[PDB]
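These protein sequence lines map, in sequence, to chains A, B, C, D, E, F and G. So for the first sequence, my numbering puts the first residue at 1; every next one is plus one. So for the second sequence, my numbering puts the first residue at 1001; every next one is plus one. So for the third sequence, my numbering puts the first residue at 2001; every next one is plus one. So for the fourth sequence, my numbering puts the first residue at 3001; every next one is plus one. So for the fifth sequence, my numbering puts the first residue at 4001; every next one is plus one. So for the sixth sequence, my numbering puts the first residue at 5001; every next one is plus one. So for the seventh sequence, my numbering puts the first residue at 6001; every next one is plus one. Here's the structure we're looking at; comments come further down.
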Amino acid sequence: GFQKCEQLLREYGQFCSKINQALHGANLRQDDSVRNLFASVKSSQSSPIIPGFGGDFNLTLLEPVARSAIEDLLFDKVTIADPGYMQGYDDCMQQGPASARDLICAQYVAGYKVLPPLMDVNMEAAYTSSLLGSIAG
Amino acid sequence: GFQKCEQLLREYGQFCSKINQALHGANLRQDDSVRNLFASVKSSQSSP
Amino acid sequence: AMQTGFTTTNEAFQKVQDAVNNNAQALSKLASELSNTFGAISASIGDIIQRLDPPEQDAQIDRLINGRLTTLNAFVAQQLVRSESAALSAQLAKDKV
Amino acid sequence: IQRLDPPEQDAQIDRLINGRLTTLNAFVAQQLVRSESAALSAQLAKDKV
Amino acid sequence: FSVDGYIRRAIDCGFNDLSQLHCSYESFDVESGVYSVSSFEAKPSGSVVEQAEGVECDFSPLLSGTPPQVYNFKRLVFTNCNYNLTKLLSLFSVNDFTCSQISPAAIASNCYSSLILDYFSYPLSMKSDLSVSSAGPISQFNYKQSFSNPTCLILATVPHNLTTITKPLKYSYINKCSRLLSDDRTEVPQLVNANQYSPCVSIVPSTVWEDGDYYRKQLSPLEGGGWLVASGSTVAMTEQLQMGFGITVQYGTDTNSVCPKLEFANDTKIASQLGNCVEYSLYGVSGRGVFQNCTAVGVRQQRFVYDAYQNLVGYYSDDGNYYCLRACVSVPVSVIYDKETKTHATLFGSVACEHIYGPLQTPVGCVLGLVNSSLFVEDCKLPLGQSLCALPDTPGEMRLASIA
Amino acid sequence: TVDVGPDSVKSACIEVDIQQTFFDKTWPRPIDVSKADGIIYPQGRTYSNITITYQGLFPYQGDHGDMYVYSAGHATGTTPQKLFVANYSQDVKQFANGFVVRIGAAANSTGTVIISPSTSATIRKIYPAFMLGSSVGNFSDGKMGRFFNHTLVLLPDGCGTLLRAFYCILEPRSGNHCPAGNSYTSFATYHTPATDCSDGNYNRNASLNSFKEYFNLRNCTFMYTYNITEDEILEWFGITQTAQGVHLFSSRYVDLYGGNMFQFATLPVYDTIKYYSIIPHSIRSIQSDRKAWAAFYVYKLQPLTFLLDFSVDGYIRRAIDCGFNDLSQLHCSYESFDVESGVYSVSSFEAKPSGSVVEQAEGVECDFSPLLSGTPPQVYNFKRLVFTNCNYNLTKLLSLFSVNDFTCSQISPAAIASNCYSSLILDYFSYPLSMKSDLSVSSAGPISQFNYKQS
Amino acid sequence: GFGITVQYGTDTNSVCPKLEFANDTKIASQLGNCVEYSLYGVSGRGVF
Ligand SMILES: *[C@@H]1O[C@H](CO)[C@@H](O[C@@H]2O[C@H](CO)[C@@H](O[C@@H]3O[C@H](CO[C@H]4O[C@H](CO)[C@@H](O)[C@H](O)[C@@H]4O[C@H]4O[C@H](CO)[C@@H](O)[C@H](O)[C@@H]4O)[C@@H](O)[C@H](O[C@H]4O[C@H](CO)[C@@H](O)[C@H](O)[C@@H]4O[C@H]4O[C@H](CO)[C@@H](O)[C@H](O)[C@@H]4O)[C@@H]3O)[C@H](O)[C@H]2NC(C)=O)[C@H](O)[C@H]1NC(C)=O
Ligand SMILES: *[C@@H]1O[C@H](CO)[C@@H](O[C@@H]2O[C@H](CO)[C@@H](O[C@@H]3O[C@H](CO[C@H]4O[C@H](CO)[C@@H](O)[C@H](O)[C@@H]4O[C@H]4O[C@H](CO)[C@@H](O)[C@H](O)[C@@H]4O)[C@@H](O)[C@H](O[C@H]4O[C@H](CO)[C@@H](O)[C@H](O)[C@@H]4O[C@H]4O[C@H](CO)[C@@H](O)[C@H](O)[C@@H]4O)[C@@H]3O)[C@H](O)[C@H]2NC(C)=O)[C@H](O)[C@H]1NC(C)=O
Ligand SMILES: *[C@@H]1O[C@H](CO)[C@@H](O[C@@H]2O[C@H](CO)[C@@H](O[C@@H]3O[C@H](CO[C@H]4O[C@H](CO)[C@@H](O)[C@H](O)[C@@H]4O)[C@@H](O)[C@H](O[C@H]4O[C@H](CO)[C@@H](O)[C@H](O)[C@@H]4O)[C@@H]3O)[C@H](O)[C@H]2NC(C)=O)[C@H](O)[C@H]1NC(C)=O
Ligand SMILES: *[C@@H]1O[C@H](CO)[C@@H](O[C@@H]2O[C@H](CO)[C@@H](O[C@@H]3O[C@H](CO[C@H]4O[C@H](CO)[C@@H](O)[C@H](O)[C@@H]4O)[C@@H](O)[C@H](O[C@H]4O[C@H](CO)[C@@H](O)[C@H](O)[C@@H]4O)[C@@H]3O)[C@H](O)[C@H]2NC(C)=O)[C@H](O)[C@H]1NC(C)=O
Ligand SMILES: CC(=O)N[C@@H]1[C@@H](O[C@@H]2O[C@@H](C)[C@@H](O)[C@@H](O)[C@@H]2O)[C@H](O[C@@H]2O[C@H](CO)[C@H](O)[C@H](O[C@]3(C(=O)O)C[C@H](O)[C@@H](NC(C)=O)[C@H]([C@H](O)[C@H](O)CO)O3)[C@H]2O)[C@@H](CO)O[C@H]1O
Ligand SMILES: *[C@@H]1O[C@H](CO)[C@@H](O[C@@H]2O[C@H](CO)[C@@H](O[C@@H]3O[C@H](CO)[C@@H](O)[C@H](O[C@H]4O[C@H](CO)[C@@H](O)[C@H](O)[C@@H]4O)[C@@H]3O)[C@H](O)[C@H]2NC(C)=O)[C@H](O)[C@H]1NC(C)=O
Ligand SMILES: Nc1nc(=O)c2nc(CNc3ccc(C(=O)N[C@@H](CCC(=O)O)C(=O)O)cc3)cnc2[nH]1
Ligand SMILES: *[C@@H]1O[C@H](CO)[C@@H](O[C@@H]2O[C@H](CO)[C@@H](O)[C@H](O)[C@H]2NC(C)=O)[C@H](O)[C@H]1NC(C)=O
Ligand SMILES: *[C@@H]1O[C@H](CO)[C@@H](O[C@@H]2O[C@H](CO)[C@@H](O)[C@H](O)[C@H]2NC(C)=O)[C@H](O)[C@H]1NC(C)=O
Ligand SMILES: *[C@@H]1O[C@H](CO)[C@@H](O[C@@H]2O[C@H](CO)[C@@H](O)[C@H](O)[C@H]2NC(C)=O)[C@H](O)[C@H]1NC(C)=O
Ligand SMILES: *[C@@H]1O[C@H](CO)[C@@H](O[C@@H]2O[C@H](CO)[C@@H](O)[C@H](O)[C@H]2NC(C)=O)[C@H](O)[C@H]1NC(C)=O
Ligand SMILES: *[C@@H]1O[C@H](CO)[C@@H](O)[C@H](O)[C@H]1NC(C)=O
Ligand SMILES: *[C@@H]1O[C@H](CO)[C@@H](O)[C@H](O)[C@H]1NC(C)=O
Ligand SMILES: *[C@@H]1O[C@H](CO)[C@@H](O)[C@H](O)[C@H]1NC(C)=O
Ligand SMILES: *[C@@H]1O[C@H](CO)[C@@H](O)[C@H](O)[C@H]1NC(C)=O
Ligand SMILES: *[C@@H]1O[C@H](CO)[C@@H](O)[C@H](O)[C@H]1NC(C)=O
Ligand SMILES: *[C@@H]1O[C@H](CO)[C@@H](O)[C@H](O)[C@H]1NC(C)=O
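Below, the structure written as structure tokens:
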């Protein structure tokens, strides 16, 4: 926010335009990557998952509880900071940083932003759930 | 080994920590790549 | 047997954690580099302005600019490398499904 | 150090630092590019075997 | 610019977020999409200031008796006091007042951890010998200023009516200072370090009797053996005594408690502005942020609490409270733009709408310009994140649609 | 100057018995950085609940330091006699960057009475006394330990209730057993508990008065006292020196139980301290009341990078000396006390010089004689002397002229007179001093434009 | 006025202050050791 700095920054050309455009393209790339990947996981036809799916083969691990049990375990066991997509701005003010070097609260201080993913969790779960039900057939 | 330089180097942050960690990871990557590659070339059964 | 799988001996599991750690590292570059002075008297532009007159003030602000422009270029270069890698990987995932 | 006093000595050492930091960043960037490439290539080798 | 050079159309790049977008691409037509633009800045609503307030820093010693020679300069160190350079400068006829690594305006107005004042008798005729670039006897053997800390040098003449400062018989200096090693073949010049005294000070008398006097001390084995030798020189005394004053200031070894005096308003207190974004200056430490009342952490005696990235994150105030310090936080901005309709919506990602049809709270932040539609799409061109999509009305307002 | 009370009126000093054998004990207490021994807290700030590296003056991990122990003097029943000391006053050390002291570490343990090895007693904390200064040498009989000019003396007194700091000239007294007198051995301080340490009124000048028996205090510029609450708690003391003066650090006013040192005083001592010594102290206890006094340990400081673990309350409880070993370097590079298993590259083990080799041209002096003979040329006709393959001495030339202005550019002042060159080119000419500025690089006047310009 | 200009590497840097030499600063006497060197103005560290 310092005007003297901004005045000197201008002598380096459209530096920030380049930073923004490069990241914008890089970010579009994931939305396109995700869209393409899920378009391909998507089943045409699938059977419903019902409790008992698998018969004598115990697939309860994979059945939706909705994410599956293994899927929730996989997420619970990985340490991931919560980006605060809906109201992180406020969490970092009313509670403040969770710990030293909190990179989520650093966003509003340093000048960077973590963007949300293209699909929410329930949609991704829907894709793999429909995939599960399509395997046998 | 010059102390004056090291004193000035410190004002650039943990530069060398970044260099070392980046290369350490890059080097682990080959040990993992090699281990995985050979695990797959490995035969279960073979004739002499 | 896999219910007990998500532990220290599960290579696939560490790869999941490492993907997460890589995202954190990418953000740590921006969070940690603003405290550097890059040879300047302060990492704070406000301190430079408050202490120095324009002919020297300029040089000090400029050191901070060069350091920060460098940091952002490095960041972007890595986001492009990482996004290219993830995209190739996504096509591998496509093939495996 | 032998030729200059601190206010100028600093500027000269700093030029060498900037150049060397730049060199190391370039080196690392390439080791990461080259190791990423080799890793992809290794998976190709895996498939060919 | 048209072919004929006239400006017919323009964008004010700071007007809104849509305008910022056009400027970043240097075009009046940009493609549809969701773009990040500069954040909406929080601005200060006031300021808080805390400074040491109390005792004046005492320059009295300086004004009483005969000042020392340049190699015996006396040092006054000021900490935890209110300084006023005019108060001292106004007592002398200043001949030359210059500063290095600090501006002129700053020397008289900033807060310091310490201010060190070195005063001595000094002929004005040798003015240049105090220059950093000088290779003469003063800078090599008598007095040298810091290269690390900001410094000022004042050369001034004592007025005829400032009768409390007396004159030495002559000005004097060391023109040689060296060690003779035990072999008595090698002689090593002993240069003075910045802010220190020459090793020959102990052999050179407070006044050199006459130009050319040679001094010698036998050194003990603990001192490396050999001899320390020096030669003095003199300058005839002037009608009015000429004096040098070196000033060295440090900015962060302690609370920066050496400050100009300040008359405080009670609207610059922290307690009265909690929760607001304010500019602050706390014992020389400054920046912008939001103060909050909170549980004390860190060592109280040290006043300023820092985080792992060296930001100031807390402060122990002289009013007895501990405050947490948060940055004034900017509000994220993304522009949702549709080229075909020439319409847009603004997303404040991660922000509750309490800080911003009225605003719509969504799973990805607060969005203005969208209307909630309870409609589903598959064909989403302006994804917002999660499973949300901006859908243009086609023009009307964009609808907030969910991806099916 | 400061009045520090009257001179001693005694004609003699108490005889001092120096028997170093009795003080040659092995009671090692090296710095344990993992327990944060010897750490001076970062001075202008605090931190909470973080681990960071920090650059500052710290003792080395594993440093044993120098142990010093004070003892009881000689006695015969109820009448104390001769003082009993170690050879400390003569053991002068280089100050360098200062030091930290571990005080009272052995308190509450059963120890030894040094003067009587077979006698045991509970160990009590005792405070160290120091003499510091710019220059040292010997006394009248050739023994070392004399300090010249102003000397800083840190002398605890009041049976351990005050620290007295003063900067003064120490003038050796000439009486019997005094440093400028007859059967001198070592000066020492003492107190006599029987009369000096009454339950109520402690003699706050007991050690000062004994010091004064050996030296007259002259031109004192200051004398400050600091109060110490009595306890048997291990504490740290430290001393450093900057342009602002001598800084005294202590753990007892901020982190009494923890041990981190904080500054409590700055003394107006501006000459550089180069040397220090321990002032031996001997307690004139009766034979039947000898105590064991805790040894103190002095450790030297140096500019090291440490990994410092700041607790929620801000104290440093744990640290890594990042230059101690390769494992320590690893922890510092990740700024953590816990790093993952693996094989890591760390800084190489440097080869260090074992000596030096020098070759220089040695021979003919470079000849500045032409310069000194006849009328010098005008500025536009300057004459040039080019010196190659010769020994130069600028003083030899400079000393022949009254130099009005000598400045250098792109070379330091120290360097111009000391470095080797491929060539030295000397351009000399007549030049009025009134046109001094016209030779400046920035000048646009006639000299710099049409007559003479430097490279 | 006296102008002084110095050059640092067009030839052996043979314009030096005079030095009294010790015979422990010879190269032949320190072969195989790491030493600091100053040879006609050229300096650094190394093993001869
Ligand atoms: C840092 O340190 C510097 C130096 O110490 C401080 O600067 C000084 O600040 C003081 C004010 O605090 C300032 O005093 C002012 O001086 C002027 C000048 O008047 C002189 O000349 C007139 C000529 O007519 C004389 O009549 C007058 O008596 C003075 O004469 C002096 O010299 C002669 C010899 O020639 C001596 O014989 C005299 O004794 C004397 O020394 C005054 O006019 C001014 O007066 C106003 O303020 C005072 C406040 O007490 C008030 O009582 C007066 O009635 C008058 O106030 C009215 O007018 C003002 C507008 O001017 C208006 O605002 C009010 O509301 C009233 O209507 C006062 O005495 C001194 O000169 C400064 N010196 C220097 C060198 O700068 C600086 O402040 C310090 N900084 C900090 C932060 O503390
Ligand atoms: C670069 O170029 C510069 C300049 O040419 C060189 O610096 C010179 O170095 C020489 C030494 O090599 C140095 O000479 C020394 O001078 C002092 C000063 O004494 C003068 O004053 C006393 C006052 O009591 C007189 O008694 C004395 O005679 C001198 O008087 C001079 O001036 C008067 C007029 O006022 C004339 O009438 C006189 O004739 C004279 O010109 C001497 O005290 C010193 O003497 C010691 O060394 C000599 C060596 O020959 C020895 O013989 C003496 O006995 C004595 O040595 C003892 O004491 C020393 C400790 O001091 C101890 O170490 C020994 O072991 C002995 O116990 C000597 O003559 C000259 O002043 C310097 N000049 C300048 C300007 O710096 C520099 O060396 C060159 N660099 C290199 C690398 O070559
Ligand atoms: C830092 O500390 C050092 C060490 O203490 C001081 O150096 C000492 O300085 C004093 C004097 O300043 C030396 O003491 C004596 O100085 C006499 C000077 O003579 C003149 O002044 C006297 C004053 O009464 C007159 O009587 C006399 O006529 C002169 O006008 C010398 O004459 C003395 O010499 C005696 O001892 C020598 C020893 O060889 C004999 O040969 C003589 O015949 C005679 O007996 C004496 O020198 C003192 O010696 C110095 N000490 C050392 C160890 O060198 C520094 O001055 C002090 N520095 C500062 C800046 O305060
Ligand atoms: C020789 O022997 C003496 C005693 O005979 C030892 O002195 C004791 O040392 C211990 C440890 O340093 C002291 O214990 C500390 O006491 C602190 C305050 O105690 C005061 O206040 C509490 C209430 O807050 C009272 O209950 C108590 O009686 C005192 O009035 C505590 O705050 C400290 O706890 C802090 O540190 C510990 C870790 O050590 C943490 O776990 C705590 O959370 C907290 O951070 C601690 O309890 C003890 O009080 C001292 N005695 C005296 C009389 O003071 C000497 O140390 C020993 N000497 C040697 C060399 O060994
Ligand atoms: C006849 C008489 O009164 N003699 C006194 C000594 O006591 C007698 O002789 C000794 C051998 C014992 O057997 C006693 O039981 C006997 O009555 C008295 O002796 C001192 O006794 C202590 C123990 O109580 C010990 O033996 C003393 O020796 C040392 C010591 O304390 O270890 C020897 C040390 O090397 C010496 N230290 C130094 C640095 O020299 C000390 C020191 O001299 C004393 O502690 C001084 O107070 O003594 C032994 O001397 C003796 C002193 O109390 O006086 C005799 O008159
Ligand atoms: C024990 O040690 C302490 C050091 O902590 C030492 O303290 C000193 O005491 C003397 C007095 O005995 C103080 O000197 C006095 O200070 C006052 C301050 O206002 C002066 O007014 C006094 O001046 C009068 O007396 C002088 C005596 O010669 C006269 O010359 C003069 O004209 C006045 O009549 C006098 O200067 C001294 O300041 C303190 N020092 C410190 C550092 O506090 C104490 O004396 C020692 N006690 C013993 C018994 O030795
Ligand atoms: N008068 C007096 N003062 C004392 O300080 C004193 N101290 C002791 C005991 N001193 C000590 C000190 C350290 C160790 C000790 O245990 N050291 C370890 C080695 C520690 C290391 O080097 O890391 C050991 O095993 O010996 C024992 C006794 C006995 N009498 C005394 N008597
Ligand atoms: C001091 O820092 C530690 C981190 O080293 C905090 O411990 C963390 O607390 C959070 C709270 O949600 C837990 O989720 C983490 O798993 C804890 N980490 C560890 C390593 O235990 C500790 O709470 C901090 N203390 C204070 C008072 O803030
Ligand atoms: C004072 O006493 C000490 C300790 O006895 C002496 O230091 C010892 O000197 C011998 C000499 O060979 C060394 O071998 C020892 O290793 C030294 N001890 C220590 C702990 O370093 C000291 O030199 C004596 N000083 C004087 C001036 O007599
Ligand atoms: C120490 O203080 C004394 C007195 O303040 C200084 O002055 C000398 O004092 C003695 C006392 O007997 C007189 O005989 C001298 O004639 C005095 N000399 C002068 C020049 O007045 C003494 O100079 C001071 N010493 C130092 C080293 O500062
Ligand atoms: C250091 O301790 C001394 C001794 O307790 C304090 O001096 C006492 O101050 C009280 C104040 O009422 C007097 O009544 C006593 O008579 C004084 N004692 C003596 C021996 O003079 C001293 O003030 C303390 N210093 C500080 C800075 O607190
Ligand atoms: C000193 O004070 C007197 C008092 O009358 C005055 O006349 C004189 O001009 C003053 N001198 C200076 C230099 O101010
Ligand atoms: C705040 O400042 C005003 C200014 O006049 C004063 O009247 C009021 O008493 C002050 N309040 C306090 C608490 O000092
Ligand atoms: C800060 O909080 C403490 C307790 O949480 C309280 O007692 C104190 O008065 C508060 N201070 C302010 C300025 O509100
Ligand atoms: C839009 O309105 C519907 C009402 O059916 C509500 O369920 C939905 O959450 C709303 N969306 C937002 C972002 O408010
Ligand atoms: C030091 O000792 C020598 C002889 O041992 C004696 O001549 C000299 O005067 C002594 N120095 C002092 C300061 O007494
Ligand atoms: C080496 O130096 C010593 C110093 O005295 C000298 O005696 C010896 O003769 C020298 N050796 C040679 C070969 O010159």
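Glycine included, each C-beta is placed from N, C-alpha and C at the ideal position.
Quick one: which chain B residues come within Cβ less than 9 Å of residue i?
i                   : result
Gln-5055 of chain F : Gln-1007, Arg-1010
Among the options, whose alpha-carbon lies nearest the alpha-carbon of residue i?
i                      : options                                        : result
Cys-5 of chain A       : C:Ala-2087, C:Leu-2092, C:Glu-2084, C:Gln-2057 : C:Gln-2057
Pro-4199 of chain E    : E:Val-4188, E:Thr-4151, E:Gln-4101             : E:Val-4188
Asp-3014 of chain D    : C:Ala-2012, C:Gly-2039, C:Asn-2023, C:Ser-2085 : C:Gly-2039
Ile-6004 of chain G    : F:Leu-5398, F:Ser-5437, F:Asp-5438             : F:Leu-5398
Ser-4374 of chain E    : E:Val-4364, E:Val-4313, E:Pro-4123, E:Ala-4390 : E:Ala-4390
residue 163 of chain A : C:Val-2076, C:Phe-2075, C:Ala-2087, C:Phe-2006 : Because residue 163 of chain A is not part of the residues shown, which for chain A are 1 to 137, the question remains open.
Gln-107 of chain A     : C:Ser-2083, C:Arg-2082, C:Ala-2026             : C:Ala-2026
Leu-5162 of chain F    : F:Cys-5168, F:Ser-5118, F:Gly-5145, F:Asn-5227 : F:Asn-5227
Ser-4131 of chain E    : E:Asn-4095, E:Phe-4120, E:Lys-4144             : E:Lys-4144
If you check the beta carbons only, do residue i and residue j fall under 8 Å apart?
i                   : j                   : result
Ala-2043 of chain C : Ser-2035 of chain C : yes
Since I believe residue j is in contact with residue i (beta carbons under 8 Å), could you give me their beta-carbon distance rounded to a whole number of angstroms?
i                   : j                   : result
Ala-5165 of chain F : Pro-5172 of chain F : 21 Å between Cβ atoms; not a contact.
Kindly list, in the order they appear in chain E, the residues whose Cβ is closer than 7 Å to that of residue i.
i                   : result
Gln-2017 of chain C : By Cβ distance, chain E contributes nothing, its closest Cβ being about 22 Å from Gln-2017 of chain C, past 7 Å.
Show which residues of chain E have a CB atom less than 8 Å away from the CB atom of residue i.
i                   : result
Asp-3005 of chain D : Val-4132, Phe-4147
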